[PDB]
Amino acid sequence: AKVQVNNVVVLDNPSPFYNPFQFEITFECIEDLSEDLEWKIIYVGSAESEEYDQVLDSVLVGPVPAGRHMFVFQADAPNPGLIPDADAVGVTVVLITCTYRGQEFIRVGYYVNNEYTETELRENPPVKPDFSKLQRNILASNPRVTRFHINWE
């Protein structure tokens, strides 16, 4: 692999559901890259179907010379209108992927717990989720990191 992800620091966590995602990403480039790296933040709106995935942001990083690199990757909150009611409250997943020449080489996944903070709403959740009262808590202590063999050319 020409690119190695050293760490992902989860920032502004926990946060209100409507607040942006912020990740500080540190990566090492073993040798100069002529093309760009494409990073994405993907929110899994529903464990039941990939139909509910939302690409929250996508960014091109490059040209990338050899050495250690850092950047803050920000993304707006998911659109609640595309989240099924049954999945809104409870645990879901947020993904950070990076591709080089259309090929995914790394996937970082975090479990995300969306819950009410009010004892009232927690015990008796409304049928129609109240997103303005939901707190997103990314489980930053447990990053799930997957690497994939790709053609670095």
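In this text, residue numbers run from 1 along the sequence as written. C-alpha atoms forming the largest set that superposes within 1.5 Å between two forms make up the rigid core.
Enquirer: Please indicate which stretch deviates more in 6 other deposited structures of this protein: 116-124 or 25-33, judged by C-alpha RMS distance after a core superposition?
Expert: After superposing on the rigid core, the more displaced stretch in 6 other deposited structures of this protein is 116-124.
Enquirer: Fitting on the rigid core only, I'd like to know which of the two stretches, 96-104 or 63-71, ends up farther away in Cα terms in 6 other deposited structures of this protein.
Expert: After superposing on the rigid core, the more displaced stretch in 6 other deposited structures of this protein is 63-71.
Enquirer: Comparing 98-106 with 63-71, which has the greater mean CA B-factor as deposited?
Expert: According to the entry, 63-71 carries the higher average C-alpha B-factor.
Enquirer: Please compare 37-45 with 24-32 and name the stretch with the higher mean C-alpha B-factor in the deposited structure.
Expert: Mean C-alpha B-factor is greater for 24-32.
Enquirer: Between 119, 58, 113, 54, where does the Cα B-factor run highest in the record?
Expert: Among 119, 58, 113, 54, the PDB entry lists the largest C-alpha B-factor for 119.
Enquirer: Compared with the other modelled residues in the chain, in which third is the CA B-factor of residue 90?
Expert: Residue 90: CA B-factor falls in the lowest third of its chain.
Enquirer: Lowest, middle or highest third of the chain for the C-alpha temperature factor of residue 6?
Expert: It belongs to the middle third of the chain when residues are ordered by C-alpha B-factor.
Enquirer: Considering only modelled residues of the same chain, in which third does the CA B-factor of residue 143 rank: lowest, middle or highest?
Expert: Ranked within chain, residue 143 CA B lands in the lowest tercile.
Enquirer: Going by the recorded CA B-factors, say which third of the chain residue 14 sits in, lowest, middle or highest.
Expert: Middle third, going by the recorded CA B-factors of the chain.
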